[PDB]
Each structure stands twice: as C-alpha cells, then as structure tokens.
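Source file: structure-v9.txt; contents: compact mmCIF, C-alpha atoms and all ligand atoms.
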# COMPACT_ATOMS: atom_id res chain seq x y z
CA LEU A 189 0.00 0.00 0.00
CA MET A 190 2.88 2.37 0.75
CA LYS A 191 4.40 1.57 -2.64
CA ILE A 192 1.14 2.06 -4.55
CA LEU A 193 0.30 5.33 -2.80
CA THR A 194 3.42 6.85 -4.38
CA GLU A 195 1.94 6.52 -7.87
CA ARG A 196 -1.05 8.50 -6.62
CA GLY A 197 1.27 11.26 -5.43
CA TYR A 198 1.32 11.00 -1.65
CA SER A 199 4.65 9.90 -0.18
CA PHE A 200 5.00 7.96 3.07
CA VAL A 201 8.51 7.02 4.14
CA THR A 202 9.33 6.77 7.83
CA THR A 203 7.89 4.47 10.49
CA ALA A 204 5.31 7.00 11.66
CA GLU A 205 4.00 7.26 8.11
CA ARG A 206 3.95 3.46 8.03
CA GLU A 207 1.65 3.46 11.05
CA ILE A 208 -0.44 6.15 9.35
CA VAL A 209 -0.85 4.07 6.19
CA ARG A 210 -1.70 1.06 8.35
CA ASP A 211 -4.45 3.18 9.89
CA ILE A 212 -5.57 4.07 6.35
CA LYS A 213 -5.80 0.40 5.37
CA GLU A 214 -7.55 -0.28 8.69
CA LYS A 215 -10.76 1.36 7.48
CA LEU A 216 -10.43 2.32 3.79
CA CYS A 217 -9.77 -1.08 2.18
CA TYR A 218 -11.73 -4.15 1.15
CA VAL A 219 -11.56 -7.24 -1.06
CA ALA A 220 -13.51 -7.04 -4.31
CA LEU A 221 -15.75 -9.99 -5.14
CA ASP A 222 -14.51 -9.77 -8.73
CA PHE A 223 -11.23 -8.16 -9.78
CA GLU A 224 -11.24 -7.51 -13.53
CA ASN A 225 -14.77 -6.10 -13.56
CA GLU A 226 -14.04 -3.96 -10.50
CA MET A 227 -10.92 -2.51 -12.13
CA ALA A 228 -12.89 -1.89 -15.33
CA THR A 229 -15.67 -0.06 -13.48
CA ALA A 230 -13.12 1.94 -11.49
CA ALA A 231 -12.63 3.95 -14.70
CA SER A 232 -15.96 5.70 -14.01
CA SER A 233 -14.73 6.73 -10.58
CA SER A 234 -18.03 7.49 -8.84
CA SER A 235 -18.74 5.15 -5.91
CA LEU A 236 -15.27 3.64 -5.39
CA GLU A 237 -13.05 6.40 -4.01
CA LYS A 238 -13.72 8.31 -0.81
CA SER A 239 -11.53 10.75 1.06
CA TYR A 240 -9.49 10.07 4.19
CA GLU A 241 -8.37 12.73 6.65
CA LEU A 242 -4.62 12.50 7.16
CA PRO A 243 -3.39 13.41 10.66
CA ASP A 244 -1.87 16.66 9.36
CA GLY A 245 -5.18 17.90 7.90
CA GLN A 246 -4.77 17.48 4.16
CA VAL A 247 -7.16 14.89 2.72
CA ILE A 248 -6.19 11.75 0.84
CA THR A 249 -8.27 10.36 -2.04
CA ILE A 250 -7.62 6.73 -2.98
CA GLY A 251 -9.46 4.95 -5.78
CA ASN A 252 -8.42 1.53 -7.05
CA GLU A 253 -5.81 1.47 -4.27
CA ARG A 254 -8.65 0.54 -1.91
CA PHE A 255 -9.06 -2.97 -3.34
CA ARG A 256 -5.73 -3.37 -5.14
CA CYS A 257 -3.58 -3.77 -2.02
CA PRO A 258 -5.68 -6.62 -0.50
CA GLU A 259 -5.74 -8.33 -3.91
CA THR A 260 -2.09 -9.27 -3.32
CA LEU A 261 -3.33 -12.03 -1.01
CA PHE A 262 -5.00 -13.81 -3.94
CA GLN A 263 -2.32 -12.74 -6.46
CA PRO A 264 1.04 -12.83 -4.64
CA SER A 265 2.86 -12.02 -7.89
CA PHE A 266 2.06 -8.34 -7.29
CA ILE A 267 4.87 -8.10 -4.72
CA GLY A 268 7.03 -10.49 -6.75
CA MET A 269 6.43 -13.90 -5.17
CA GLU A 270 6.21 -17.19 -7.07
CA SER A 271 3.59 -18.48 -4.65
CA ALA A 272 -0.07 -19.35 -4.99
CA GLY A 273 -2.66 -17.15 -3.33
CA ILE A 274 -4.51 -18.05 -0.16
CA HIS A 275 -7.50 -19.29 -2.17
CA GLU A 276 -5.27 -21.76 -4.03
CA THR A 277 -3.05 -22.80 -1.13
CA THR A 278 -6.16 -23.72 0.88
CA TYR A 279 -7.22 -26.07 -1.92
CA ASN A 280 -3.68 -27.45 -2.17
CA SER A 281 -3.57 -28.13 1.58
CA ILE A 282 -6.96 -29.83 1.37
CA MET A 283 -5.76 -32.03 -1.49
CA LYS A 284 -2.62 -32.94 0.47
CA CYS A 285 -4.84 -34.72 3.01
CA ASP A 286 -6.54 -38.11 2.70
CA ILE A 287 -9.34 -38.75 0.23
CA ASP A 288 -12.01 -39.25 2.90
CA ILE A 289 -11.55 -36.26 5.21
CA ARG A 290 -11.59 -33.78 2.31
CA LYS A 291 -15.39 -33.63 2.21
CA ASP A 292 -15.50 -32.60 5.87
CA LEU A 293 -12.69 -30.08 5.36
CA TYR A 294 -14.56 -28.48 2.45
CA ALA A 295 -17.59 -27.60 4.59
CA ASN A 296 -15.53 -26.33 7.55
CA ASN A 297 -13.28 -23.38 6.65
CA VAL A 298 -12.36 -21.43 9.78
CA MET A 299 -11.22 -17.93 8.87
CA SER A 300 -8.96 -16.33 11.47
CA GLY A 301 -6.39 -13.60 11.97
CA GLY A 302 -6.65 -9.84 11.86
CA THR A 303 -5.85 -9.64 8.14
CA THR A 304 -9.08 -11.49 7.29
CA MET A 305 -11.20 -8.59 8.60
CA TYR A 306 -11.40 -7.01 5.14
CA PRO A 307 -15.09 -6.43 4.35
CA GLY A 308 -15.81 -8.87 1.55
CA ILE A 309 -13.02 -11.43 1.89
CA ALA A 310 -15.15 -14.43 2.85
CA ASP A 311 -17.33 -14.12 -0.25
CA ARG A 312 -14.34 -13.94 -2.60
CA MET A 313 -12.61 -16.84 -0.85
CA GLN A 314 -15.75 -18.98 -1.04
CA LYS A 315 -16.21 -18.17 -4.72
CA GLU A 316 -12.59 -19.03 -5.54
CA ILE A 317 -12.62 -22.28 -3.55
CA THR A 318 -15.91 -23.26 -5.18
CA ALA A 319 -14.39 -22.62 -8.61
CA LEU A 320 -11.30 -24.69 -7.80
CA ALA A 321 -13.02 -27.60 -6.04
CA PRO A 322 -15.32 -30.16 -7.67
CA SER A 323 -18.84 -28.85 -8.17
CA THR A 324 -20.67 -31.62 -6.29
CA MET A 325 -20.28 -30.87 -2.58
CA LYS A 326 -20.90 -27.53 -0.92
CA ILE A 327 -18.14 -25.18 0.24
CA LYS A 328 -18.96 -23.42 3.51
CA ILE A 329 -16.74 -20.66 4.90
CA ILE A 330 -16.90 -19.63 8.56
CA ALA A 331 -16.35 -15.94 9.36
CA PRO A 332 -17.25 -15.24 12.99
CA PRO A 333 -17.75 -11.53 13.68
CA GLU A 334 -15.16 -11.70 16.48
CA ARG A 335 -12.54 -13.66 14.50
CA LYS A 336 -10.09 -10.83 15.20
CA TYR A 337 -9.31 -12.28 18.65
CA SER A 338 -10.07 -15.91 17.78
CA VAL A 339 -6.64 -17.19 18.79
CA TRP A 340 -6.91 -15.58 22.22
CA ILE A 341 -10.46 -16.86 22.66
CA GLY A 342 -9.29 -20.39 21.92
CA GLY A 343 -6.32 -20.03 24.24
CA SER A 344 -8.51 -18.85 27.10
CA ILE A 345 -10.95 -21.70 26.46
CA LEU A 346 -8.14 -24.27 26.45
CA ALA A 347 -6.46 -22.88 29.57
CA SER A 348 -9.52 -23.48 31.78
CA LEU A 349 -9.77 -27.22 31.14
CA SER A 350 -9.20 -29.86 33.81
CA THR A 351 -7.06 -32.11 31.60
CA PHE A 352 -4.78 -29.17 30.78
CA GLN A 353 -3.03 -28.88 34.16
CA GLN A 354 -1.22 -32.14 33.40
CA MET A 355 0.07 -30.64 30.13
CA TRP A 356 1.93 -27.69 31.67
CA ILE A 357 5.71 -27.41 31.87
CA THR A 358 6.31 -27.17 35.61
CA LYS A 359 9.23 -25.07 36.80
CA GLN A 360 10.91 -28.04 38.48
CA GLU A 361 10.58 -30.11 35.30
CA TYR A 362 12.23 -27.37 33.25
CA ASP A 363 14.98 -26.93 35.84
CA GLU A 364 15.78 -30.65 35.70
CA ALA A 365 15.31 -31.03 31.93
CA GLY A 366 16.85 -27.94 30.33
CA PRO A 367 15.25 -25.88 27.55
CA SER A 368 14.46 -28.91 25.35
CA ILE A 369 11.46 -29.82 27.51
CA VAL A 370 9.33 -27.54 25.31
CA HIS A 371 10.14 -29.74 22.32
CA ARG A 372 9.63 -32.81 24.51
CA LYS A 373 6.13 -31.80 25.66
CA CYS A 374 4.53 -28.88 23.81
CA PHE A 375 4.86 -30.33 20.30
CA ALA B 2 16.38 -73.75 57.68
CA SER B 3 19.33 -71.70 56.44
CA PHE B 4 17.64 -68.70 54.84
CA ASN B 5 19.08 -66.59 52.05
CA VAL B 6 20.82 -63.32 52.86
CA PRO B 7 18.36 -60.46 53.48
CA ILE B 8 18.21 -57.65 50.93
CA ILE B 9 18.55 -54.03 52.03
CA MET B 10 16.46 -51.70 49.87
CA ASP B 11 16.70 -47.93 50.18
CA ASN B 12 14.55 -45.40 48.30
CA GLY B 13 15.74 -41.86 48.98
CA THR B 14 14.46 -38.72 47.32
CA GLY B 15 17.53 -38.34 45.13
CA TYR B 16 19.51 -41.58 45.36
CA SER B 17 18.48 -45.21 45.85
CA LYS B 18 21.00 -47.53 47.50
CA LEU B 19 20.32 -51.24 47.02
CA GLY B 20 22.53 -53.97 48.43
CA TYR B 21 22.72 -57.02 50.65
CA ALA B 22 23.07 -57.70 54.36
CA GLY B 23 26.64 -58.39 55.45
CA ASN B 24 28.20 -56.51 52.54
CA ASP B 25 30.73 -53.77 53.24
CA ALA B 26 29.20 -51.39 50.68
CA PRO B 27 26.00 -50.99 48.65
CA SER B 28 26.03 -52.88 45.37
CA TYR B 29 24.32 -49.99 43.57
CA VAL B 30 24.08 -46.29 44.36
CA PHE B 31 22.19 -44.72 41.46
CA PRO B 32 19.68 -41.87 41.17
CA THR B 33 16.01 -42.59 41.88
CA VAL B 34 14.82 -41.65 38.40
CA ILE B 35 13.13 -43.66 35.65
CA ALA B 36 13.18 -42.93 31.92
CA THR B 37 9.90 -43.40 30.09
CA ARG B 38 8.43 -42.71 26.66
CA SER B 39 5.14 -40.92 26.04
CA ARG B 67 8.75 -52.93 18.59
CA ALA B 68 8.67 -53.04 22.38
CA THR B 69 5.35 -52.05 23.92
CA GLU B 70 5.18 -48.80 25.90
CA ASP B 71 4.76 -51.05 28.96
CA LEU B 72 8.44 -52.07 29.00
CA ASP B 73 10.41 -49.25 27.30
CA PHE B 74 11.67 -47.83 30.59
CA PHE B 75 15.17 -47.32 31.97
CA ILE B 76 16.29 -46.46 35.49
CA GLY B 77 19.36 -44.99 37.13
CA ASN B 78 22.51 -44.24 35.17
CA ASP B 79 21.10 -45.92 32.07
CA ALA B 80 18.15 -43.53 32.25
CA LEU B 81 20.52 -40.59 32.77
CA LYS B 82 22.61 -41.40 29.69
CA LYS B 83 19.48 -42.19 27.65
CA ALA B 84 17.87 -38.79 28.20
CA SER B 85 17.76 -37.16 24.75
CA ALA B 86 17.32 -40.44 22.81
CA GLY B 87 13.53 -40.34 23.14
CA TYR B 88 12.77 -40.67 26.85
CA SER B 89 11.43 -38.23 29.45
CA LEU B 90 12.85 -38.57 32.95
CA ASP B 91 10.69 -38.39 36.07
CA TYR B 92 11.49 -38.67 39.76
CA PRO B 93 9.07 -41.02 41.57
CA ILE B 94 10.03 -39.74 45.05
CA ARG B 95 9.88 -36.11 46.13
CA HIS B 96 10.12 -34.79 49.70
CA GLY B 97 10.48 -38.45 50.71
CA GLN B 98 6.86 -39.34 49.88
CA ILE B 99 5.93 -41.26 46.73
CA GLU B 100 3.31 -39.55 44.55
CA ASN B 101 3.05 -41.67 41.39
CA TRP B 102 2.84 -45.43 41.84
CA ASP B 103 3.47 -46.74 38.32
CA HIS B 104 6.94 -45.21 38.41
CA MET B 105 7.68 -46.68 41.85
CA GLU B 106 6.54 -50.20 40.97
CA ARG B 107 8.39 -50.15 37.65
CA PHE B 108 11.49 -48.88 39.44
CA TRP B 109 11.29 -51.76 41.92
CA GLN B 110 10.77 -54.43 39.27
CA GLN B 111 13.58 -53.07 37.08
CA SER B 112 15.93 -52.96 40.06
CA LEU B 113 15.10 -56.46 41.31
CA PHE B 114 15.11 -58.25 37.96
CA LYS B 115 17.89 -56.27 36.24
CA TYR B 116 20.53 -55.08 38.72
CA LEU B 117 19.90 -56.84 42.03
CA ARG B 118 19.19 -60.17 40.27
CA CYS B 119 17.13 -61.97 42.90
CA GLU B 120 13.96 -64.09 42.87
CA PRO B 121 11.44 -62.34 45.22
CA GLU B 122 9.82 -65.53 46.55
CA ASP B 123 13.05 -66.77 48.18
CA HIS B 124 14.36 -63.73 50.05
CA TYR B 125 13.51 -61.30 52.84
CA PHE B 126 13.45 -57.56 52.18
CA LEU B 127 14.17 -54.61 54.50
CA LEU B 128 12.50 -51.54 53.03
CA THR B 129 13.08 -48.07 54.45
CA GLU B 130 11.01 -44.90 54.15
CA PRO B 131 11.05 -41.50 55.89
CA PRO B 132 8.88 -40.96 58.97
CA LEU B 133 5.79 -38.76 59.04
CA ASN B 134 4.55 -40.57 55.94
CA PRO B 135 0.83 -41.25 55.51
CA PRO B 136 -0.27 -44.77 56.46
CA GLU B 137 -1.77 -44.98 52.97
CA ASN B 138 1.72 -44.90 51.44
CA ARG B 139 2.87 -47.75 53.68
CA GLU B 140 -0.25 -49.76 52.83
CA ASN B 141 0.38 -49.29 49.11
CA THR B 142 4.04 -50.25 49.47
CA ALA B 143 3.15 -53.41 51.38
CA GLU B 144 0.43 -54.47 48.93
CA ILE B 145 2.66 -53.86 45.90
CA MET B 146 5.46 -55.88 47.48
CA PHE B 147 3.23 -58.79 48.52
CA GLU B 148 1.07 -58.90 45.37
CA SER B 149 3.13 -57.75 42.38
CA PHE B 150 6.19 -59.58 43.74
CA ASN B 151 4.95 -61.50 46.80
CA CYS B 152 8.29 -61.87 48.56
CA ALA B 153 8.73 -64.13 51.57
CA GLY B 154 8.76 -61.22 54.00
CA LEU B 155 8.80 -57.42 54.13
CA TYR B 156 10.03 -55.22 56.98
CA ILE B 157 9.73 -51.43 57.06
CA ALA B 158 12.18 -49.38 59.14
CA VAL B 159 12.48 -45.58 59.70
CA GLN B 160 15.27 -43.85 57.73
CA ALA B 161 16.79 -42.72 61.10
CA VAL B 162 17.19 -45.73 63.49
CA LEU B 163 19.58 -47.35 60.98
CA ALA B 164 21.55 -44.12 61.38
CA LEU B 165 21.88 -44.73 65.11
CA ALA B 166 22.83 -48.35 64.42
CA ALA B 167 25.60 -47.33 62.03
CA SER B 168 26.79 -44.51 64.30
CA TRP B 169 28.99 -46.75 66.44
CA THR B 170 32.03 -48.02 64.56
CA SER B 171 33.74 -50.68 66.72
CA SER B 172 30.43 -52.40 67.47
CA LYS B 173 31.75 -55.68 68.81
CA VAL B 174 29.56 -56.71 71.76
CA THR B 175 28.85 -53.74 74.01
CA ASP B 176 29.89 -50.26 72.80
CA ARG B 177 26.51 -49.13 71.48
CA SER B 178 25.49 -45.58 72.35
CA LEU B 179 21.78 -46.47 72.08
CA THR B 180 20.97 -42.88 73.11
CA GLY B 181 21.48 -39.75 71.04
CA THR B 182 20.13 -37.55 68.27
CA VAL B 183 20.32 -38.27 64.54
CA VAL B 184 20.23 -35.28 62.20
CA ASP B 185 19.40 -36.95 58.90
CA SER B 186 19.64 -34.31 56.15
CA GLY B 187 19.31 -35.65 52.64
CA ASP B 188 18.16 -34.67 49.16
CA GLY B 189 14.44 -34.06 49.62
CA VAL B 190 13.73 -33.61 53.33
CA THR B 191 15.67 -33.50 56.60
CA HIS B 192 14.67 -35.14 59.88
CA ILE B 193 15.81 -34.50 63.46
CA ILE B 194 14.88 -37.58 65.50
CA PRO B 195 15.92 -38.18 69.13
CA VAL B 196 16.48 -41.67 70.50
CA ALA B 197 16.72 -42.59 74.19
CA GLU B 198 17.70 -46.12 75.25
CA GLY B 199 16.71 -47.41 71.83
CA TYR B 200 13.10 -46.26 71.80
CA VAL B 201 12.27 -43.24 69.64
CA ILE B 202 10.39 -40.44 71.39
CA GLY B 203 7.60 -39.56 68.97
CA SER B 204 6.38 -36.36 70.60
CA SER B 205 9.77 -34.73 69.95
CA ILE B 206 9.90 -35.52 66.22
CA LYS B 207 10.14 -32.44 64.02
CA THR B 208 10.98 -32.11 60.33
CA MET B 209 12.14 -29.21 58.11
CA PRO B 210 11.04 -29.46 54.45
CA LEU B 211 14.38 -28.23 53.08
CA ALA B 212 17.29 -30.36 51.93
CA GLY B 213 19.93 -30.71 49.23
CA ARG B 214 17.42 -30.27 46.41
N1 LIG A 401 29.37 -34.11 49.06
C1 LIG A 401 28.14 -33.60 49.19
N2 LIG A 401 27.99 -32.42 49.84
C2 LIG A 401 26.76 -31.91 49.95
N3 LIG A 401 25.60 -32.40 49.52
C3 LIG A 401 25.78 -33.57 48.88
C4 LIG A 401 26.99 -34.21 48.68
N4 LIG A 401 26.79 -35.40 47.98
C5 LIG A 401 25.50 -35.44 47.77
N5 LIG A 401 24.83 -34.37 48.30
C6 LIG A 401 23.40 -34.12 48.24
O1 LIG A 401 22.81 -34.63 49.42
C7 LIG A 401 21.80 -35.61 49.08
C8 LIG A 401 21.74 -36.66 50.16
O2 LIG A 401 22.27 -37.91 49.65
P1 LIG A 401 21.40 -39.23 49.88
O3 LIG A 401 21.25 -39.47 51.34
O4 LIG A 401 21.95 -40.34 49.04
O5 LIG A 401 19.99 -38.78 49.28
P2 LIG A 401 18.49 -39.06 49.79
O6 LIG A 401 18.24 -38.06 50.89
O7 LIG A 401 17.60 -38.86 48.60
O8 LIG A 401 18.48 -40.48 50.30
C9 LIG A 401 22.20 -36.09 47.68
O9 LIG A 401 21.09 -36.62 46.98
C10 LIG A 401 22.71 -34.79 47.05
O10 LIG A 401 21.67 -33.99 46.55
MG MG A 402 17.05 -39.31 52.29
Entire entry expressed as structure tokens:
Amino acid sequence: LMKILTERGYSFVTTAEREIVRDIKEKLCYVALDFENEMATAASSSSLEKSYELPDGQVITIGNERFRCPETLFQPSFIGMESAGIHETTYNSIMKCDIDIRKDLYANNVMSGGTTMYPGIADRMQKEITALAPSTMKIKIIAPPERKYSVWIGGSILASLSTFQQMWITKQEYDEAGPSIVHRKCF
Amino acid sequence: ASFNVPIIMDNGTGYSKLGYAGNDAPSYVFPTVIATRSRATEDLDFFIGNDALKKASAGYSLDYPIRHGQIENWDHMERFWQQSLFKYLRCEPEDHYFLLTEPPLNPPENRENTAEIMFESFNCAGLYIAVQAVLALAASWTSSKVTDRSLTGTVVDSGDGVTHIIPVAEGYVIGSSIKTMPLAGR
C-alpha cells in the first residue's frame, strides 16, 4: 500500500507514516468480489473512491488502491512472489490430506487472523474455492464476527480445562530437563 | 532352615541404595529416576538410574518417583522396583527377605500401598519397614563388637528431599519430639 500510494502522489517514508498508512488500510480497504470487472468499473470513478483525513489535515483520495492492495493475497505475484494465493493454497492443503476427510474439510473453513477482517473477503474466498473444487459438494466458509481475537479466545478456552493442568511445563521439570522440555512436551 | 541373605532396599528422594546384608558397601548407588516414553510395547520401554541418565535425549522423558520423601506416582515406583530387582539386584522375590526403608511422618496410605505392591506384584517371603533414622543410630557406632553401642542420642538426617531430626533414648524413639524441616539438598 505504501508503494502504490506513491503513484497516486502522496509519499509515506518513515515508520510513523507506516503506522499512518496502516491506519488508512484499517478502514479504507476491502476485497472485491470480482477483480477484472471492478478494475474496469473503477474507470468511471463514482462510488469507489472516498476521502481520508490524514493526521496533518490534508485529505487523501484513494481509488483503485482501496481494493488493489488486498488483492495481493490472492495474487502474490504483485509483490514479486512465485507463490499461490490463499485461495489456491487452501485447496492445495486440502488435497494434500486423505481422500475421505476432504469432504468434511470443504464444509468447515475457519477464517482467522486480523488480516481477514477485510469487508468482503469471505465471499471472494468462497467463490474461488468453489471454482477450484469439484462442483458436487458444498463449500462453507466460517467468518465469525469476532474472529479478530479468535486465537486468544481459543487459548482462554483451552487454559480453563481440567485435563490441561497435566500438560503444563512445571518449573521443576524445566529446571531438571533444560530448555528442550518444550520440544519434549509442547509439540 | 538356612535362609538366604536379606536384601537391604533404600529409596531416597535423590539416590536409591540397594545392596545385601553383610556386605561392606552398597552394590548400587544410582539416582532414583526412571526414563519413560510418552517394537517393544510402551509397557516395558523404561530405563532407570545411570542408564536412564545417559538415555535422556534419545527419546525418553525422565521423572522422579520420590519427592520430599513421599511417593506420589505409583506406576513409576513399581516399575522402578521391578527393574531394580530383575535387572541389577538379580534376585527371585519368593526366596528372600526384604528390608525396606522410608522416611517418617509418611501417611499410612503410602505404607499400605508399598506393602500391597510388594506382597502382590512380587509376593516376597517377608517385608520389613524401618524408619530412615534408626539405621543411622545403628551405624553410628564403629567398633560395634559386643557392648559399645550408644543407644541414646540424636540423629540429624539431612538428605536430598527432606531433613529429619529424630531423638532416641535407650533405643526407643520419642515420637512427641519428632520435628521435620522441608528443606534439603534439592
Ligand atoms: N558431598 C556432598 N555435599 C553436599 N551435599 C551432597 C553431597 N553429595 C551429595 N549431596 C546431596 O545430598 C543428598 C543426600 O544424599 P542421599 O542421602 O543419598 O539422598 P536421599 O536423601 O535422597 O536419600 C544427595 O542426593 C545430594 O543432593
Ligand atoms: Mg534421604
């Protein structure tokens, strides 16, 4: 996003400007359901762009930059990476599994992380996975409204379980075992 | 008739000292720790003592059955005893007498479990339980020929897990004066 704001004219360089542009992406970005048609209709720039108030006071006006910078997730070649997008790596990971559990994995896609809070990412991901996968079974994507803190919610749920107290790494055990006890026990 | 030599067990918090009666030194003085996993079944892939110590990063996780002198986990203790008896001590349980020792102030439940394990899992001819101290008073006197036994004193037994200050007067141990500090070499 910092790189593509330069072509618009506005220059952000230092770390403070990096935080500023992160704040910009926080609330002025989304994932388009379709990419080519959205870029085509961005030519008639009517309902796409909308201004943002920079901390200084001058106003920013970003058009196709709103949905171009989150598109890099599905097209990693934008930043120069020979890697498949998230929509394709999910299908690849599913195909890496056994032939029986794939049907259950298709209908249970748990979105997580703070990056996945883009308004309109679940729909695009579901469409892409449906296109990739065979057309018979249904593809269901799960986007809880609180998925921003999903990892912490799961950690708190796991911590208050009776079986869990036996899975800790007690201080005495670490003292007698060295730092490799975490590899011994945790995973 | 002529019985076999009694066997002197010892299960300390840090070190276990096996041996025989009449010997001038314990046959084995090795740490009270057992290695355990988590085509031999997982029932038998366990090592104890120095073998367990050397085989620490090869795929085993060490664990100390005894802490503060009282045994918490029982699988480790019973496996430790069977490994000792049938691997290092090399004795048949049914034709020997054992002299187990364990620190005072232990729950009666621990003694009951020890007795039932010894007389069911192994079922030796006989089992005797003595207090870690006492033996200390017995070994105090060096030139113990016929008479020169002190038989009256105080034994300050400080070890790895717990220390005990036990007074003895004319052989009998005065219970009301027994006090124990829960700090030791560990
Ligand atoms: N030379 C020493 N000086 C001080 N402490 C020692 C020395 N040797 C061993 N220790 C510690 O004192 C403990 C007492 O030894 P021992 O009586 O065999 O143990 P336990 O109390 O478990 O039966 C040892 O386990 C060790 O931690
Ligand atoms: Mg001791």
Kindly compile the residues surrounding ligand MG 402 (chain A) within 12 Å, counting only C-alpha atoms and all ligand atoms, and format them as a ChimeraX atom specification.
-> /B:11-18,32-33,94-98,129-132,159-161,164,184-192,210-214
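Relative to atom CA of residue A:361, atom CA of residue B:146 is found at 29.0 Å.
With all atoms listed in the file as the atoms that count, the residue of B:30, B:8, B:201, B:196 with the shortest distance to ligand LIG 401 (chain A) is B:30.
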Kindly indicate which residue among B:70, B:91, B:25, B:198 lies nearest to chain A, using all atoms listed in the file for the distances.
-> B:91
Residues of chain A that approach chain B to 9 Å or less, counting only C-alpha atoms: could you list each one with the shortest pair of atoms and its distance in Å to one decimal, rows by chain and increasing residue number, as CSV?
residue,atom,partner,partner_atom,distance
A:361,CA,B:91,CA,8.3
A:364,CA,B:90,CA,8.9
A:365,CA,B:90,CA,8.0
A:368,CA,B:85,CA,8.9
A:369,CA,B:89,CA,8.6
A:372,CA,B:89,CA,7.6
Dump of C-alpha atoms for the selected residues, as a PDB file, keeping the file's coordinate frame:
ATOM      1  CA  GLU A 361      10.580 -30.110  35.300  1.00  0.00           C
ATOM      2  CA  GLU A 364      15.780 -30.650  35.700  1.00  0.00           C
ATOM      3  CA  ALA A 365      15.310 -31.030  31.930  1.00  0.00           C
ATOM      4  CA  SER A 368      14.460 -28.910  25.350  1.00  0.00           C
ATOM      5  CA  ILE A 369      11.460 -29.820  27.510  1.00  0.00           C
ATOM      6  CA  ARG A 372       9.630 -32.810  24.510  1.00  0.00           C
TER       7      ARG A 372
END
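Remark: for ligand LIG 401 (chain A), the closest of the candidate residues B:101, B:31, B:82, B:139 is B:31 (distances computed over all atoms listed in the file).
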Which residues come within 12 Å of residue A:305, counting only C-alpha atoms, excluding same-chain residues fewer than 5 positions away, as JSON, numbers by chain?
-> {"A": [213, 214, 215, 216, 217, 218, 219, 258, 299, 300, 310, 331, 332, 333, 334, 335, 336, 337, 338]}
Can you pull out every residue within 7 Å of residue B:153, counting only C-alpha atoms, but drop anything in the same chain fewer than 4 positions away, and send it as JSON, numbers by chain?
-> {"B": [122, 123, 124, 125]}
Kindly export the residues of the current selection with C-alpha atoms, as an mmCIF file, keeping the file's coordinate frame.
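Okay, result.cif is ready:
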data_model
loop_
_atom_site.group_PDB
_atom_site.id
_atom_site.type_symbol
_atom_site.label_atom_id
_atom_site.label_comp_id
_atom_site.auth_asym_id
_atom_site.auth_seq_id
_atom_site.Cartn_x
_atom_site.Cartn_y
_atom_site.Cartn_z
ATOM 1 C CA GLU B 122 9.820 -65.530 46.550
ATOM 2 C CA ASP B 123 13.050 -66.770 48.180
ATOM 3 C CA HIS B 124 14.360 -63.730 50.050
ATOM 4 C CA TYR B 125 13.510 -61.300 52.840
#
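For the pair atom CA of residue A:233 and atom CA of residue A:211, the interatomic distance is 23.2 Å.
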Counting only C-alpha atoms, what is within 10 Å of residue A:260, bar same-chain residues fewer than 4 positions away, as a PyMOL selection string?
-> chain A and resi 219+255-256+264-269+273-274
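Our summary of the geometry notes that atom CA of residue A:327 is positioned 13.8 Å from atom CA of residue A:289.
Nearest-residue note for residue B:144: choosing from B:106, B:79, B:23, B:7, the minimum distance belongs to B:106, counting all atoms listed in the file.
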